[PDB]
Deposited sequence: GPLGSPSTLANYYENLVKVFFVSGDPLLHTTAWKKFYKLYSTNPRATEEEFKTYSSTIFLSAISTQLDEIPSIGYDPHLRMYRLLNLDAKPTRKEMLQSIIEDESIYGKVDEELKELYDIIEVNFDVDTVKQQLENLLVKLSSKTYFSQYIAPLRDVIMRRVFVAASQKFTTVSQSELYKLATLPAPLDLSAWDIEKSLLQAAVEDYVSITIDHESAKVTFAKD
């Protein structure tokens, strides 16, 4: 079966940390499932919502040889996939996007098209309560929380020079199950630092953070 081989591929790519190949293999499985006539409409909604959520919660494109080449080949990509393009390919594919739960579309709008650090918590607040009722949701909690805080941090890198950790972390503390403690928030920030999305200065005795250039 080509289905099981793709299924297996989505698992592999999920544990590898190559999320773009994960949602890609998902799409390759979905086309198959759509050809198939054992189609329940609910599997469609679950799979489509799963796929789209995978794309939303995908890490922002680091700009980096390429060791994904045989995987690109295996999956019939001809170039390195892009987060923005994956999301776009899903949005413009009505076979998928017509089955996507509207909570994920609301979510997409909030973090991709109308992001504001000064409004995110209030907007995400009850939405995440709804999303926490979804069965496809829990396993993307970690990468989704990671991408929004990343959004929060670069937006912060441009708003602040020197700011208290209290105001910074309170600002980066997302609602509902995307909540992280202060030490995790400081680590997530140090992570964004080493990925060169940000240049900082951290555990100053003054309990402050200093965003650089």
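Counting from residue 1 of the deposited sequence, the stretches lacking C-alpha coordinates in this chain are 1-7, 72-74, 224.
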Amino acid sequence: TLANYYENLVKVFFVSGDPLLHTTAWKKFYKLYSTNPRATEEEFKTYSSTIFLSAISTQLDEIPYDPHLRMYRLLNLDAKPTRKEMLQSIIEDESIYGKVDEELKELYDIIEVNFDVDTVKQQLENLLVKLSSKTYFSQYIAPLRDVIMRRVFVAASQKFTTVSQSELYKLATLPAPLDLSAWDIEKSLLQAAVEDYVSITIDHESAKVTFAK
From here on, numbers count along this sequence of modelled residues.
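Here 74-82 and 99-107 are compared by their mean Cα B-factor, and 74-82 comes out higher. As recorded in the PDB entry, 37-45 is the stretch of 147-155 and 37-45 with the greater mean C-alpha temperature factor.
Residue-level temperature factors show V129 in the middle third of its chain, judged at the C-alpha atom.
Sort the modelled residues of the chain by CA B factor and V120 lands in the middle third. Per the PDB record, residue ranking by Cα B-factor puts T161 in the highest third of the chain. Annotation for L190: CA B-factor lies in the middle third of the chain's modelled residues. In this PDB entry, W183 carries a Cα temperature factor that places it within the middle third of its chain's modelled residues.
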